[PDB]
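Quick notes on the structure that follows.
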Amino acid sequence: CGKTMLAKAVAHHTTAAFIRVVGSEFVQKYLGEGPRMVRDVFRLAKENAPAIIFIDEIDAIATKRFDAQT
Amino acid sequence: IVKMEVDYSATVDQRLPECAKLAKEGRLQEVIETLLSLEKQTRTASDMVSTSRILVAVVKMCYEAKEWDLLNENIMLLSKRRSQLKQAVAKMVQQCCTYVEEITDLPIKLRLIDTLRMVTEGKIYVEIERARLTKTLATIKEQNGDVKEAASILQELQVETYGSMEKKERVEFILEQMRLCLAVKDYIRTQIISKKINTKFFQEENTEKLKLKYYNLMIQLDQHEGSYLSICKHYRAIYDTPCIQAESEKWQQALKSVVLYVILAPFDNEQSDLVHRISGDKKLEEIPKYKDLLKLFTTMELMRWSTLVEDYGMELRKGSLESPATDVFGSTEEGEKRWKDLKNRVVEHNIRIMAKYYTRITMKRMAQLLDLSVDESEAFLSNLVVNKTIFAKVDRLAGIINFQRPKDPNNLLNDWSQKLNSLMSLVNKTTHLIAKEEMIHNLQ
Amino acid sequence: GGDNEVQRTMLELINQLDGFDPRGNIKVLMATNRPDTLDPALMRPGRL
Amino acid sequence: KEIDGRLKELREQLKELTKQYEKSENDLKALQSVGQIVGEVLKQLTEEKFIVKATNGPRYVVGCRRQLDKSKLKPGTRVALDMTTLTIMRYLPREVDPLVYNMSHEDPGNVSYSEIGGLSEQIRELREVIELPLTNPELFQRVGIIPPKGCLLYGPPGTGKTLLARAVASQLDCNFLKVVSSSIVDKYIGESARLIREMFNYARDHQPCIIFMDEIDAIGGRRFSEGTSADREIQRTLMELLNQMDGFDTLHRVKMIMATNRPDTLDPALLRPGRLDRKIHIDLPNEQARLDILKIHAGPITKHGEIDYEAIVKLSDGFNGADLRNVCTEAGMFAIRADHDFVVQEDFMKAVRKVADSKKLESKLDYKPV
Amino acid sequence: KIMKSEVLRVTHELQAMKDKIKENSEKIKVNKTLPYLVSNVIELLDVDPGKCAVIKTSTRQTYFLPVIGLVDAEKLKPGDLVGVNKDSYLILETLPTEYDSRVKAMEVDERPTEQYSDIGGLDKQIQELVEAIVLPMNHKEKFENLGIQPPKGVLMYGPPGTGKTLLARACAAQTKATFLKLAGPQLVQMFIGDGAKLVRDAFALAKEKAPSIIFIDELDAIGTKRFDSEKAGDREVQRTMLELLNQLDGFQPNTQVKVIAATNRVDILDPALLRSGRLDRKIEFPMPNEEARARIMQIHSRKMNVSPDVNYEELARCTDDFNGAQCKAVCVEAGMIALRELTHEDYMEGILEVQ
Ligand SMILES: Nc1ncnc2c1ncn2[C@@H]1O[C@H](COP(=O)(O)OP(=O)(O)O)[C@@H](O)[C@H]1O
Ligand SMILES: Nc1ncnc2c1ncn2[C@@H]1O[C@H](COP(=O)(O)OP(=O)(O)O)[C@@H](O)[C@H]1O
């Protein structure tokens, strides 16, 4: 189903901001500013009430729970 | 392709010449059939040289006994039986190619198309394609130049040109089909084939009569509809060929053509680059086109074509060679079209040079300068502005024009301030200069 | 990959108790309950 | 002449020599040279304010003073900073993956690709995947299609894949990138996908890059059950590779040539059409192809006109060109034995039977094709 | 004419020229005597509008020394462990790199001392591989002038106890060059690319240290016969196998560092390593006959003088299907019991003890 054709749409069906976020890119050396960027993107979302946050690729990298912390 | 099983070289050697004697005039077909059985046996034995020799012998027997019709269905059966060996059929076509070219006859055109049908079943790039190219060229010569065969040679060349070409044979074949295409006077397809082949250059550094022939067939194609800038570019591309082969007549007439064309081309920045590059040539001075180029290129002179037809129009009547000039302007129909193309070309040139010189010019004077009436002058003036070439605004009721953009007060005071700062800098430089020269002049 | 640190210890221990130059100064004794030694059990006829 | 010729000696000793005082100054210049810290400008705060990340430390902001051409500086550009001079004193372009650079720019002097026989179909496959898209884009423009991306080679371990890869590398020797697909592992957790993005960026810089990497099975895998931290590093490395070659942004004029030995264990996600446009199996060398390879390998060999090449063809079967230089070698020191200047046909027969008896032992000489 | 003016400049301009680098070198060699930052070269071929470099320092910093002001990038190839200025933040000088922890010294013997005389039985085979390995070391120039590049891959297959390890070390001692031993059965590492990384730095160490002898043991363990079952498909070991394959051609020019692979059954290998440019010299290592076994144990017991006049003929009769290792164990078993048997009868029990 694409899994993003509803996020690319809807944001235009009702005019709203759309952000790709990309979880794979987020996990990087910018772990210290990771909290800060979440604050910044949330502020961007809060700035425009018509907005939607879309985060991708959570399963493989972003906080898997069965494999020990490496 | 496949390994040989059972050779019959001894069998064919001891029997084939005897079979030829038994059917010297070819009245017997049992001899043809028994060699078909023999070559079938070698084909099932996967032997190539024996099958090829049998096929060559079979066609040779048909040549000597001159059965043209029986040859047609015989080669059809041979090429369609099971497709045999690709080496053998490629051979058989080759001696067929060697034979059809020596006997003129009426039905050789049928022989040419028959082999074409036998080879057009596929297997073009693989197993000999030059034979099909030669047959198509042979058909061109037989029909003496028409539209159907010119289309046929148009639709054939692409496969072998892309697959396996020759730096001389293939390009000559391309040159020998575009001339027929231009003879057909098709322009869209001839332009397409010309632009898809001219990408293959860097062989013309050793051309004898190939680059010039290519260009002299695509001169007419371009100039037929609207081309005038590409015309000057490849007329100078045929001008640099007599540079390495110094022959005076073609060299000088090429100079006359390129100089006339480069000026005649519509105004643009690139054309300005070409005319400036062309000007100053040491070898260009000895022709009247040198005076024509020097006058009509720069310094914004009034190009009154009524005066130019006698001041610099002598190339129409009599010059050094006047052969390109008669081709351009001495012609009746296309010549008068190019005469009108000179007539307007100097009108936009006169409008353009007037644009950078005169802000407001009265309608009568501009029409007189353009050698036309008021309505014709305004029509061309509209033709320039719709192309964004000039910044012109006209009051049609008053018949007055302006070429200066309305100066916004922001930048108007900016240039005034820049003028002020230029004066301020001049004061600083003059003060230092006079005071120091004052110091030198009172060292007494 | 099950017991590979064991193999890391095996390589270095052989490098240590190989003796290199024979010397009657130091002695080594290995005591187990079952002869479950690894492949060096055939190199040890020259060493142990 | 004594006052003439004694001169011509002494100045030549120098020239290239006596080139030290300035080398001394240059390294002294280095001695008092300021070392300017290096970062990447994340974004431009204002026209004079630029947010720059130190490669290790925090993001600073700096500002060009008078003439550093702030317009040409872009978010992600490389500039030199100093914790003291407060500004950018000069700007610097990028990097090129040096370790990869030399191992991809040290292709040894090879022979032409025509020196290997029986693979003319593979040769023309390489031509119509590499040469054709760049030489004649007008035909494909009339076609209106994108050129294919990559081709796969697989088969017995002895085919000529290394020779073909080295031959195509020697064809260009300037814009060819060689990858061995095993130096990806390192001591640190990082520098695994960072390098992968880096020569992809290098492939973005130069359009006609030909990328060759071998043993995709060294990163591929099928599926890791109870994966280890090292197994988990493959799958994220494989996923990063997949999303950087196909991903959302594709490459242009960049073709990937890869080879392996186990096609079945390859991950099905990579081998789907779109990432691997063509799959080519390099089969067993033909008997006449083996004959041509034997002649190639026996070119500079002192021998007369009695060699029964057909006998070698009949006996030697299933033997790659690898086994053929063995036979050529084995005839070599058979000729060394008894000190024979030439090579006799009996030496080749001894080589053939010794290699044949050598090959008897090993079974499963080739994986079945997919 | 014009000499005496030229050289009074030249010799002066020669000596003063060289003295200032002597000053400068010192000024930078004390800095080269105090480098502190590793050189993780992230190169740019920054042609001046020649080259340039990025150095990941030890203290987690990066320094872009312009055009690499001291060392040519031809010798300064990328990697790590190349001198960097602690104060000038410039590349200082090349220095030896790190040999991948394990490979730094896994089992590398600096110089083996075992001699060719103490081994025997397979003298035709040992002379064959000496001609193929040792001669390409001592008389390497003979092959260079001849024009034939010597083969490098020698595969020595045979049941254990045939003296492969001694012969490889004895050959290395004869060549008087570096010898590197690889523990083949333990190269199968759970860490990904670990065995591939180990073999690389082993080849790198061998290249950096003389024309070496790469003695890889248990080639059958390294390379499977491709008999693929789902029980084990040799998936992760095919990783390391092709890695060894691509490093076999690394030393083709100048023909140094030979590869000697020891195993028992050559048939357990696919036709990958059995390549003419790769491992090509397969030499059989059979169990020695009665004469050879008796001679081998006699040579082993040559340093033992307890029982005079022991012809070892009964031992040769009783040494049925025994290895050179078994013969050594038989002789040293006498070396353990011959205190205070003794002659022609203290030898049989050695084989009986092992099982
Ligand atoms: N088709 C072939 N033609 C000529 N030589 C070959 C051929 N196949 C293998 N060889 C020989 O094998 C060696 C190259 O190894 P190669 O088979 O290319 O490795 P891989 O198959 O892993 O790419 C060369 O010494 C070469 O002489
Ligand atoms: N020809 C020989 N001369 C002397 N000792 C030998 C000989 N052959 C084998 N040995 C003994 O065998 C041992 C080597 O065993 P190993 O290397 O495991 O056998 P292989 O090399 O056949 O695998 C050495 O300790 C040595 O004493």
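For E:331, D:64, B:243, A:1, the sequence from fewest to most other C-beta atoms within 10 Å is A:1, B:243, D:64, E:331.
Across all directions, the average flat footprint of the convex hull enclosing the Cα atoms of chain E is 30.7 nm². Across the stretch E:91-172, the relative contact order, built from alpha-carbon pairs under 8 Å that are at least six residues apart, equals 43 percent. Under the classification rounded if a/c is under 1.5, otherwise prolate if a/b is larger than b/c and oblate if not, where does the stretch A:1-69 fall, given a ≥ b ≥ c as square roots of the Cα gyration tensor eigenvalues? It is oblate, given that a/c is not under 1.5 and a/b is not larger than b/c. Amide H contacts of residue D:81: D:37, D:38, D:39, each under 5 Å away and 5 or more positions distant or on a separate chain (H built 1.01 Å from N in the peptide plane; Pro and chain starts excluded).
Amide H contacts under 5 Å for residue E:92: E:83, E:84, E:85, restricted to partners 5 or more places along the chain or on a different chain, H placed in the peptide plane at 1.01 Å from N.
At 222 nm, what value in deg cm²/dmol follows for chain D if DSSP H runs of at least 4 each add -39500 (n - 2.57) and the sum is divided by all its residues, to the nearest 500? Result for chain D, helices only: -12000 deg cm²/dmol.
The charge dipole of chain A, taken about the Cα centre with unit charges on the Cβ atoms of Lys, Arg (+1) and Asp, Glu (-1), comes to about 140 debye, rounded to the nearest 20. Residues E:25, B:52, B:194, E:229, ranked from the fewest to the most other C-beta atoms within 10 Å, line up as E:229, E:25, B:194, B:52.
Which trypsin sites (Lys or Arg not before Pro) in the stretch E:68-167 pass both tests, a DSSP loop state and at most 10 other beta-carbon atoms within 10 Å? Mind showing how you got there, number by number?
Numbers: sites: E:75, E:86, E:102, E:104, E:124, E:140, E:142, E:152, E:164; in loops: E:75, E:86, E:152.
Filter output for the stretch E:68-167: E:75.
For chain D, count all C-alpha to C-alpha pairs, find those more than 25 Å apart, and express that count as a whole percent of the total. Result: 70 percent of Cα pairs exceed 25 Å.
Can you count the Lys pairs in the stretch D:156-292 whose Cα atoms are under 15 Å apart, with each pair 8 or more apart or on different chains?
Step by step, the pairs that qualify in the stretch D:156-292 add up to 4.
Compared with the direct C-alpha span, the chain from residue B:5 to residue B:204 gains 66.6 nm at full extension, assuming 0.36 nm per residue.
Couplings for the stretch D:155-167, taken from phi via the Karplus curve 6.51 cos²θ - 1.76 cosθ + 1.60 with θ = phi - 60°, read x, x, x, x, 10, x, 5, 5, 4, 5, 5, 6, 5 Hz in order; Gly and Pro are left as x. Prolate is the label for the stretch B:270-407, because a/c, from the alpha-carbon gyration tensor with a ≥ b ≥ c as root eigenvalues, is 1.5 or above and a/b exceeds b/c.
Build a GNM of chain B with springs between Cα atoms under 10 Å apart, and of B:363, B:424, B:354 the one that fluctuates most is B:424.
In the stretch E:151-286, one over the average inverse separation of all distinct C-alpha pairs is 15.1 Å, which is the Kirkwood hydrodynamic radius. Spin-label model, residue E:5 to residue B:101: label points 7 Å out along the Cα-to-beta-carbon direction sit 7.8 nm apart.
At an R0 of 60 angstrom, the distance between the Cβ atoms of residue D:70 and residue B:172 translates into a FRET efficiency of 0.55. Over the protein assembly as shown, the hull volume per residue, using the convex hull of the C-alpha atoms, is 381 Å³.
Estimated from the Cβ-Cβ distance and a Förster radius of 51 angstrom, the FRET efficiency linking residue B:410 and residue C:6 is about 0.05. For the pair residue A:15 and residue B:123, label points projected 7 Å from Cα toward Cβ lie 6.9 nm apart. With θ taken as phi - 60° and the Karplus curve 6.51 cos²θ - 1.76 cosθ + 1.60 applied, the whole-hertz 3J(HN,Hα) list for the stretch D:309-326 is 5, 5, 4, 4, 4, 5, 7, 6, 9, x, 10, 5, x, 4, 5, 7, 7, 4 Hz, x standing for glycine and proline. For peptide D:359-365, the mean count of partner chain Cβ atoms within 10 Å of a residue's Cβ comes to 6.
Less than 5 angstrom separates the built amide H of residue A:22 from those of A:56, all sequence-distant by 5 or more or on a different chain. Sort out the exposed loop chymotrypsin sites (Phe, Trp or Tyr not before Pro) in chain D (DSSP loop, at most 16 other Cβ within 10 Å) and tell me the longest stretch that has none. Counting only loop sites that pass the neighbour cut-off, the longest clear stretch is D:1-187. Within the stretch B:286-323, report the trypsin sites (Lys or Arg not before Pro) that DSSP leaves as loop and that have at most 15 other Cβ atoms within 10 Å. Those that pass, being in a loop and sparsely packed, are B:304, B:318.
Between residue B:249 and residue B:375, what FRET efficiency comes out of the Förster formula 1/(1 + (r/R0)^6) with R0 = 56 Å and r the beta carbon distance, rounded to 0.05? Efficiency, rounded to the nearest 0.05: 0.75. When exposed loop sites are taken as GluC sites (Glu not before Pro) in a DSSP loop with at most 13 other Cβ atoms within 10 Å, the longest stretch of chain D clear of them is D:107-225.
Relative intensity of the stretch D:78-179 on a log10 scale, I(q)/I(0) at q = 0.14 Å⁻¹, equals -0.74, per a Debye sum over C-alpha point scatterers of equal strength in the absence of solvent. Counting only other chain Cβ atoms within 10 Å of each residue's Cβ, the peptide E:271-284 averages 6. In order along the stretch C:30-42, the phi-based Karplus estimate (6.51 cos²θ - 1.76 cosθ + 1.60, θ = phi - 60°) of 3J(HN,Hα) comes to 10, 10, 10, 9, 10, x, 9, 6, 7, 3, x, 5, 9 Hz; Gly and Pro are listed as x.
In this simple spin-label model, placing a label point 7 Å from the Cα along the Cα-to-Cβ direction at both residue D:239 and residue D:336 gives a separation of 5.5 nm. Charging the Cβ of each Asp and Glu at -1 and of each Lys and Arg at +1, and nothing else, the dipole of the protein assembly as shown about its Cα centre rounds to 4440 debye. Rounded to whole Å, give me the distance from the Cα center of the stretch D:90-128 to that of the stretch B:380-441. Computed from Cα coordinates, the inter-centre distance equals 59 Å.
Applying the criteria of a DSSP loop state and at most 14 other Cβ atoms within 10 Å to the GluC sites (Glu not before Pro) of the stretch B:299-367 yields B:301.
For the stretch B:26-179, the square roots a ≥ b ≥ c of the C-alpha gyration tensor eigenvalues yield an a/c of 1.5 or more together with a/b not exceeding b/c, which makes the shape oblate.
Exposed loop positions in chain A were taken to be trypsin sites (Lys or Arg not before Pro) whose DSSP state is not H, G, I, E or B and which have at most 15 other beta-carbon atoms within 10 angstrom. Between these positions, the longest stretch is A:30-63. Neighbour counting of Cβ atoms within 10 Å sorts the residues D:272, D:6, fewest neighbours leading, into D:272, D:6.
FYI the Cβ positions are ideal-geometry reconstructions off the backbone, even for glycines, and counts take in every protein chain you see. Just so you know, all these numbers are worked out from the coordinates, no wet-lab data involved.
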